[PDB]
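Okay, handing you the structure first.
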Amino acid sequence: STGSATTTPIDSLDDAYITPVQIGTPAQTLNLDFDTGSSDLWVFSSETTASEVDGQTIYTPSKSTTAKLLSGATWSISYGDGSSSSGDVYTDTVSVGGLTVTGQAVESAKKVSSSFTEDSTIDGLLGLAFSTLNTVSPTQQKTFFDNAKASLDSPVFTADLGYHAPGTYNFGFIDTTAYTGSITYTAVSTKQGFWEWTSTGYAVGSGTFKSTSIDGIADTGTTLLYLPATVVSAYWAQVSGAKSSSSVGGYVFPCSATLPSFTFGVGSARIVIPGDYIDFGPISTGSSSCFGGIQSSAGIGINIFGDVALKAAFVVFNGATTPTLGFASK
Ligand SMILES: NCc1ccc(C(F)(F)F)cc1
Ligand SMILES: NCc1ccc(C(F)(F)F)cc1
């Protein structure tokens, strides 16, 4: 079996993407953020403190004839940006784009941090990293992908994110009309639970390609591109008037500048991020300083190929027993 679902940016800056997901019987449709950097499926629900809910669609287990409380199970998660949430655990039927899993763990939020409460368009997260990162205690739970793997035609899913436009998550098959050229595959380390790989280098604009190993994670759940300070400094040095701002918390640049492209290496292939993808617009309304989409990973501890990078490619997440990541131009 296969599944296919359209994914839509939540705002005009592509800050995040939501995908409709059917939970329960009869279906309750929620718009979830598909996150290859985490491994919990959690949702706003009828159990969430009512003051922490501001326009989200909520899952109501009491209206689902297939929902079962997972007795004694709890969950608690903290994200790399300081976000957090926690609650209890149901099992229920979950369908994405025609692909159905029964007995999926649905983590029901009793408490959510303020940054989820303010994002009215995101009803929850659907984690697609490896199940070793799932936070359910005492019995760890499997991801939607891990539960579906058995019945998929091929144990893969693909991410085709759009630039200021809808895109597609496909489960179980590779759409060979959605990319150009060949897919280059590269090895994944699952040792920290992430889709972790090693990029073979970079170039700024039409500069020379610098061969250098950059280890990092493919994370659809992270908006920007976070790279080592030496790389990020070499990129912004080509933008007249760009500077790192401690009050803003990253590199900013004059909104009137044109940004160079950024190339990253996948084995011997090259993925080019157009300069326009790196503009995240004014730091505040009316400002002439704009926020950069490539920032340093020094304060984070790991390099993150987030949406800025992934939306420049067709990306295959191959969850074969030896996992790999595939990249193609599109
Ligand atoms: N998108 C999920 C996520 C968030 C933060 C991190 C960090 F910061 F721990 F690397 C990894 C994955
Ligand atoms: N990387 C996971 C993640 C995804 C979204 C959010 C936000 F934007 F909803 F706060 C926080 C953390």
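Would you work out which of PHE209, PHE145, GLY319 lies farthest towards the positive end of the dipole of the chain, given +1 charges on the beta-carbon of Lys and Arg and -1 on that of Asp and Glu, about the Cα centre?
In the chain, that residue is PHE209.
Using only C-alpha positions, report the orientation-averaged shadow area of the convex hull of the chain, nm², one decimal.
16.5
While we're looking at this one, here's another question. Limiting things to C-alpha atoms, what are the Rg and the maximum Cα-Cα separation (Dmax) for region 5-174, in angstroms?
14.9, 43
If you don't mind, another one. Tell me, in nm to one decimal, what length is gained between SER329 and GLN192 on full extension, where the rule is 0.36 nm per residue of separation less the Cα-Cα distance? Spell out each step's value before the answer.
Numbers: separation 137, 0.36 × 137 = 49.32 nm, distance 2.76 nm.
Length difference between fully extended and current span is 46.6 nm.
At 0.36 nm per residue, minus the direct Cα-Cα distance, what do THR57 and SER240 gain on full extension? Give it in nm, one decimal, please.
Gain on extension, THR57 to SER240, equals 61.5 nm.
May I pose another question? Give, as a single signed number, the net charge of other residues whose beta carbon lies under 12 Å from the beta carbon of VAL53, with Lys and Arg counted +1 and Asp and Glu -1.
Local net charge: -4.
Shape verdict for region 175-330, please, from the Cα gyration tensor: rounded (a/c under 1.5), prolate (a/b greater than b/c) or oblate. Before the final figure, lay out each step's value.
Working: a/c = 1.91, a/b = 1.66, b/c = 1.15.
Verdict is prolate for region 175-330.
In terms of Cα to Cα distance under 20 Å, which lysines are near enough to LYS330, apart from those fewer than 8 places away along the same chain?
Excluding near neighbours in sequence, the set is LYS311.
Going by amide H atoms built from the backbone, whose H comes under 5 Å of the H on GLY221, apart from near neighbours?
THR36, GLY37
Tell me the relative contact order for region 5-174 as a rounded percent, counting alpha carbon contacts under 8 Å between residues six or more apart. Mind showing how you got there, number by number?
Values: 412 pairs, mean separation 48.4, N = 170.
The value is 28 percent.
Still on this structure: State, as an integer percentage, the relative contact order of region 175-330 based on alpha-carbon contacts under 8 Å between residues 6 or more apart.
Relative CO of region 175-330 lands at 32 percent.
Defining a contact as two alpha carbons under 8 Å apart and six or more residues distant in sequence, what relative contact order in percent does the chain show?
Details: 853 pairs, mean separation 61.5, N = 330.
RCO, the chain: 19 percent.
Then there is this: Might you report the magnitude of the Cβ-based charge dipole of region 1-72 about its Cα centre, with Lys and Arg at +1 and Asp and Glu at -1, to the nearest 20 debye? Don't jump to the answer; show the numbers that get you there.
On the way: 2 positive and 9 negative charges, 109 e Å.
Magnitude of the dipole: close to 520 debye.
What's the extension gain from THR139 to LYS210 if we count 0.36 nm per residue and subtract their Cα-Cα distance?
My answer for the length gained is 21.0 nm.
Looking at region 57-102, I'd like the Rg to Rh ratio, where Rg is from alpha-carbon atoms and Rh is Kirkwood's inverse mean 1/r.
1.04
Projected onto the charge dipole of region 175-330 (+1 at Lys/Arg Cβ, -1 at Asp/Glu Cβ, origin at the Cα centre), which of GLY267, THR223, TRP197 gives the Cα projection farthest towards the positive end?
My answer, from the dipole projection, is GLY267.
Okay, moving on. Could you quote the convex hull projected area for region 99-230, Cα atoms only and averaged over all directions, in nm²?
The Cα convex hull of region 99-230, projected and averaged over all directions, gives 11.8 nm².
Ok, one more. Taking the Cα centre of region 175-330 as origin and charging only Cβ (+1 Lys, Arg; -1 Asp, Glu), how large is the dipole, in debye to the nearest 20?
Taking the Cα centre of region 175-330 as origin, the dipole is about 220 debye.
What is the fewest-to-most order of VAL112, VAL106 by other Cβ atoms lying within 10 Å of their Cβ? Before the final figure, lay out the partial values.
Working: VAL112 22, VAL106 28.
Arranged by neighbour count, lowest to highest, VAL112, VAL106 become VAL112, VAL106.
Give me the dipole magnitude in Debye, nearest 20, for the chain about the Cα centre, with unit charges on the beta carbon: positive for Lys and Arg, negative for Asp and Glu.
On the way: 12 positive and 26 negative charges, 134 e Å.
Here the size comes out at about 640 debye.
With point charges of +1 on the Cβ of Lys and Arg and -1 on the Cβ of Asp and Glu, referenced to the Cα centre of the chain, which listed residue (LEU310, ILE58, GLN104) lies farthest in the positive direction of the dipole?
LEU310
Further question: With 10 angstrom as the radius, rank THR36, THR322 by how many other C-beta atoms surround their C-beta, starting from the fewest. Present the calculation step by step, with values, prior to reporting the outcome.
Working: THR36 26, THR322 9.
Fewest to most other Cβ atoms nearby, the residues stand as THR322, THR36.
Please note: Cβ atoms are built from the backbone with ideal geometry, for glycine as well, and neighbour counts cover all protein chains shown. Values quoted throughout were computed directly from the atomic coordinates according to the rules given, and no laboratory measurement underlies them.
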